[PDB]
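Heads up, what comes next is one protein chain in two forms, each shown on its own as structure tokens, labelled structure 1 and structure 2.
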Structure 1
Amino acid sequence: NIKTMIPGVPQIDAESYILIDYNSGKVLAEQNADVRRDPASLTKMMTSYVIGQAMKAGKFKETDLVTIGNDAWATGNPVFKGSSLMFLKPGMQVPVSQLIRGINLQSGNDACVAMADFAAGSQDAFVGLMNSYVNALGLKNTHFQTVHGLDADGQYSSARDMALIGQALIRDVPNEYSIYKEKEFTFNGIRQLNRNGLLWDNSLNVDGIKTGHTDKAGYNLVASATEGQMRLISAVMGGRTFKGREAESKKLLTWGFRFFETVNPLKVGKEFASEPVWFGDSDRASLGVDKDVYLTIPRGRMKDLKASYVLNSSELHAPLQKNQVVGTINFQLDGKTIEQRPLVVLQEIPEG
């Protein structure tokens, strides 16, 4: 019974949370993960995502100089009052590299406006891009109104959606993501520390992502850590107290690594099975997957994992196209199927 135990989830002193495996996408634990809440500074994670996608597409470089306009003037717009700021002033010429550290490490609000105008021409156009990615990522419970998360009564997100944005940052724009573990940067002779305190936690290998607090929102944290190549992402929103700011998320992450492991049983292009084909230039079709398979399973069980498959149709008939789905791979633990993945043709089979 110890081999098949399902571990109890620790109590988390927060309104909402989720813990997922970055590679497999598996939800390890969750509570109220789809509830719409104020994201506060977590919004800047999407701001960073857009900037990263622009850079990935070569629209601008880190050494490019950005001229600060009136709207990014920190003390020119009281909307910034009480918030994190770089103290940008109009006419300043600042490299993208400093601005994006301002956003990522410091959650600098004036820096968000500065990059928004630089990357998209206006704040409104940039928010349009943010929501366009909200749609592309298929988030069902997120909407943005500002490039910083201030002054946005109708913005919202959820623990699940914020973890998925976290996953996308890491996955799609790794060069942008790699900036998040930097503990400090220096601007106008003033040293600024990464506001994500978990970075200093020595028991874990935390390298992101974003912490946030509003009296409205309570404590918000999206974190990610690795043990080897294994990576978990946690999102904890509406954290109730100051003291659990980092602690509640730390409980989740460490629990996740203690009880679960991620395995990669099959890679793209590797033959999983072979089946006869009729009417083709070859006698057999090579079958596998079109995306590396990552699974999340109880730690210790890797040698117990079994795999098998079924076919959608009695016979395979050419023409067969590359990545055509022809069945399903069943991954099993203790006689029970735990994960399914599409079985596909690995090399196209034209008619003879």
Structure 2
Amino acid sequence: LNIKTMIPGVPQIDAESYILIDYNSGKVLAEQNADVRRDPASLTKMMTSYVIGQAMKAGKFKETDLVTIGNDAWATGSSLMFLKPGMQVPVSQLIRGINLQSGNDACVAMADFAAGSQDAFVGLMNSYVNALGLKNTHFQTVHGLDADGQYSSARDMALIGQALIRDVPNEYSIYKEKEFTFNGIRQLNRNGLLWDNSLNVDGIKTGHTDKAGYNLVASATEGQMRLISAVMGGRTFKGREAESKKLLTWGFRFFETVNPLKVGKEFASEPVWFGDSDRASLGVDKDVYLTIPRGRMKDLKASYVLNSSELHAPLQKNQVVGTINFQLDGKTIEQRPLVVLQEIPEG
């Protein structure tokens, strides 16, 4: 009974807010103050990078194209790290600026390159905020420096992390590079968790300011399963990576993600009346991913009901005709629309 139906206690997290979600199912495994609005500091860069990734996915420009450093990037010497006006730097180098402590000039140069001005780019950032359904996020700048007013939340930063991975995977593969060239200089990635040999961490963005505290969006995998954590307003230097490691590790220990049905696969067969054939093939039009307590796969039950006494032609491909019900311990934990996998026209 009890160890099986157990609800795991959540580790203490020495931070102001956090959330732990599964990349595939979207399930929230743990959260604290996940919708509280806070300054994300350099985490803002995740959205900048999302837009750039969309631009590249749309084929507007590529990693080899040369970019011109404007009086723009400069305006925001003794140092080799800074892009000087008039130099030409490949996109490949600039976008990897996301992995740096600064590299704020690179954000500006890329923003002008992709959308003409910093303010129009920000306009695109806020547009995507809206397209992703984010309720507690708004940006003022492309790098988050001088934006006393910029805000996001543990939940929204996690969701932006999820979007990068999902929508712009080529932009995302950049985050795990431990070392890369930036402005002719060999630089190390700021995400120390990439070097942790206990977990397989491959993203995403860490940041710290005195005002916003330590901030980190991370993502890790274990075989076929991927988790995303967001910990904001982390209080100590010592916990800057350890708090998230603990959270991710906990997630993998107590939860597992299953893929009970993929699109196109016949979940069930059903008789159809009045059609050019007499059997309908039923499934889903979106892959099914469920996150359940680890070790309960075998207890997962799947069934379905039909939205009407029985099926009549005509049926359209992907026509919703019922509901798939998944349960654990008699309880229904997830429902999904049952769809017709192939059209059955009237006889």
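Just so we're on the same page, residue numbers count up from 1 along structure 1's sequence. We call the rigid core the largest set of C-alpha positions that still match within 1.5 Å between the two forms.
Enquirer: In a superposition on the rigid core, which residue from 291, 317, 306, 61 has a CA displacement reaching 2 Å or more between structure 1 and structure 2?
Expert: Comparing both forms, the shifted residue turns out to be 317.
Enquirer: Establish whether a shift of 2 Å or more occurs at the C-alpha of residue 106 between structure 1 and structure 2, with the two forms superposed on the rigid core.
Expert: Indeed, residue 106 is displaced by 2 Å or more.
Enquirer: Please determine whether the C-alpha atom of residue 129 is displaced by 2 Å or more between structure 1 and structure 2 following superposition on the rigid core.
Expert: No, the C-alpha moves less than 2 Å.
Enquirer: After a core superposition, would you say residue 277 shifts its C-alpha by at least 2 Å between structure 1 and structure 2?
Expert: Shift at residue 277: 2 Å or more after core fit.
Enquirer: Just grab the Cα shift of residue 119 between structure 1 and structure 2 for me, core aligned, in angstrom.
Expert: With the rigid core fitted, the alpha carbon of residue 119 is displaced 0.4 Å between structure 1 and structure 2.
Enquirer: By how many angstrom does residue 342 shift at its CA between structure 1 and structure 2 when the core is held fixed?
Expert: Value for residue 342 between structure 1 and structure 2: 1.7 Å of C-alpha shift.
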